[PDB]
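Q: no sequence for this one, just the structure:
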Ligand SMILES: [Cu+2]
Ligand SMILES: [Cu+2]
Ligand SMILES: [Cu+2]
Ligand SMILES: [Cu+2]
């Protein structure tokens, strides 16, 4: 129940994480997470119903989605938890994240195909099945479409924003959620998807296992924000059309509300999370 | 006010746009006659399902970005 910085995992932990992910893929369970994510990102819209993205529920929705995925991992190997990728620190293609013993590296220049690591198409263990085009191999172009990952100074600027979210509760909003998501401002979460490239830059982005480590760090930044702003909390708090209010339930689960997910410690802790200082 | 329609050959591929498990749809884009899901953001920029986190100003720009991303690959509906 401890989520650790990817950079700190032991060789044993990397091995067990990779094996659990590959078993979810083999059994068919992994691809249904890719499919769920794609349905939500293709339906969430700024002027209509929005639940997984571009809306205040972006953070609790992804928190529950990652919990569903972690529990599936733990059904294969109970010792495995989701690691997180602090892209403000591990910001180059030579980070151990991208080593052949963990997620493998960037794609070759001809077709973006990842050529090493456990998820390379040549292994036979990572077919891309849920897809928007014919290609069936994992692709990446690290640093190709945008030069730089966010820096710690940029992250700190967003963490200082006190309001959780603001009307109109979409990609035009001021406030923490939309600056963390990245549709306005210096851009944190969206820019990382663009920097990885390949399927990570598309609606079917959970096809790349780095998806989970990216969102585990976004989820940690929500926890850091809460510690910085103990006086701020999820909004809206009732009666907002098309948006998940605090005590409303969320699709697809229907049985959990943002209110049930604000406190991560009910489900996991981090290796390090600074106290309200 | 939807954008205008367009039709051109971009990097060898036909891209078309027109006003009209996924969202509603006020505008349609096609790459070689296969529909490309695209979506408009509140500020008037566009994304597509092959470049979802990267707003571009117009539906033609999203079609071109998709052709760039596909590297010759057929789109799947
Ligand atoms: Cu998402
Ligand atoms: Cu994301
Ligand atoms: Cu205080
Ligand atoms: Cu749609």
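A: Done, it's in. Residues are numbered from 1 along each chain as shown, chains lettered A, B, ... in the order given. Ligands and ions are numbered 1, 2, ... in the order given.
Q: contact residues of chain A facing chain B?
A: Residues of chain A lying close to chain B by Cβ under 8 Å from any Cβ of the partner chain are A:38-39, A:41-48, A:54, A:111-112, A:131-135, A:145, A:168, A:170-172, A:182-183, A:189-191, A:193-194, A:201-205. From N, CA and C alone the C-beta is placed, and that goes for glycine too.
Q: filter those to the buried ones?
A: A:38-39, A:41-46, A:54, A:112, A:131-133, A:135, A:145, A:168, A:170-172, A:182-183, A:189-191, A:193-194, A:201-205 (16 or more other Cβ atoms under 10 Å in any protein chain shown).
Q: can you list which of those are found in strands?
A: Among those, no member is found in strands (DSSP state E).
Q: now the helices for chain B?
A: In chain B, the segments counted as helices under DSSP state H are B:59-70.
Q: check chain A too.
A: Under DSSP H, chain A gives helices at A:11-26, A:29-43, A:58-76, A:152-159, A:176-181, A:189-196, A:210-228.
Q: deepest of the ones you listed, which one?
A: Most buried of those, by mean neighbour count (mean count of other Cβ atoms under 10 Å in any protein chain shown): helix A:176-181, with a mean of 25.
Q: where do the strands sit along chain B?
A: For chain B, applying DSSP E gives strands covering B:6-10, B:13-19, B:27-31, B:34-36, B:38-40, B:46-48, B:51-56.
Q: show me the contacts for residue A:151.
A: A:88, A:91 (Cβ atoms under 8 Å, 6 or more residues apart in numbering or on different chains).
Q: how about it, phi and psi?
A: phi -100, psi 170 (degrees, to the nearest 10).
Q: residue A:273 versus residue A:89, what's the distance?
A: According to Cβ to Cβ, to the nearest Å, residue A:89 and residue A:273 sit 15 Å apart.
Q: cool, residue A:123 as well?
A: Counting by Cβ to Cβ, the gap from residue A:123 to residue A:273 is 35 Å.
Q: repeat for residue A:24
A: Separation of residue A:24 from residue A:273 (Cβ to Cβ): 27 Å.
Q: and residue B:55, by the same measure?
A: As for residue B:55, its distance to residue A:273 is 32 Å (criterion: Cβ to Cβ).
Q: so for those two, which residue has more residues nearby?
A: residue B:55 (19 against 14; other Cβ atoms under 10 Å in any protein chain shown).
Q: next, the buried residues of stretch B:12-29.
A: Residues of stretch B:12-29 classed as buried by neighbour count (16+ other Cβ under 10 Å): B:13, B:15-17, B:23, B:27-29.
Q: now do that stretch: everything it contacts.
A: A:38-39, A:42-45, A:48, B:2-3, B:5-9, B:30-33, B:35-40, B:48, B:59-60, B:62-64, B:66-67, B:72.
Q: now which of these would you call buried?
A: Buried members of the contacts of stretch B:12-29, counted by 16+ other Cβ under 10 Å: A:38-39, A:42-45, B:3, B:30-31, B:36-40, B:48, B:59-60, B:62-64, B:66-67.
Q: okay, how far is it across stretch A:254-272, tip to tip?
A: 32 Å (Cα to Cα, to the nearest Å).
Q: ok, now which ones touch residue 6?
A: Picked chain A for this. A:83-85, A:90, A:96-97, A:102, A:213.
Q: hmm, I had chain B in mind actually
A: Neighbour list for residue B:6: B:15-17, B:59-60, B:63 [criterion: Cβ under 8 Å, 6+ apart].
Q: tell me, what residue is most central in chain B?
A: The C-alpha lying nearest the average C-alpha coordinate of chain B belongs to residue B:63 (Cα atoms, centre = their mean; 3.7 Å).
Q: skipping adjacent residues, who's closest to that residue in space?
A: residue B:15 (4.0 Å; Cβ to Cβ, 6 or more residues apart in numbering or on different chains).
Q: residue A:253 now?
A: residue A:64 (6.4 Å).
Q: residue A:242 is nearest to which of the helices of chain A?
A: Residue A:242 sits nearest to helix A:29-43 of all the helices of chain A, at 11.6 Å, using Cβ to Cβ.
Q: which part of the stretch 101-250 of chain A gets nearest to ligand 4, residue-wise?
A: Residue nearest to ligand 4 within the stretch 101-250 of chain A: residue A:203 (10.7 Å; Cβ to the ion).
Q: surely that residue and residue A:36 touch.
A: No: if you go by Cβ atoms under 8 Å, residue A:203 and residue A:36 don't touch, sitting 11.2 Å apart.
Q: can I get the contacts of residue B:6 in CSV including distance to ligand 4?
A: What follows is these, written out as CSV (distance: Cβ to the ion, whole Å):
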residue, distance to ligand 4
B:15, 18
B:16, 17
B:17, 15
B:59, 13
B:60, 18
B:63, 15
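Q: ok, these vs residue A:73, which is closest?
A: Of the contacts of residue B:6, the one sitting nearest to residue A:73 (Cβ to Cβ) turns out to be residue B:63, at 37.9 Å.
Q: which residues are in contact with the closest one?
A: Listed by Cβ under 8 Å, 6+ apart, the contact set of residue B:63 reads B:6, B:10, B:15-17, B:29, B:31, B:36, B:38, B:48.
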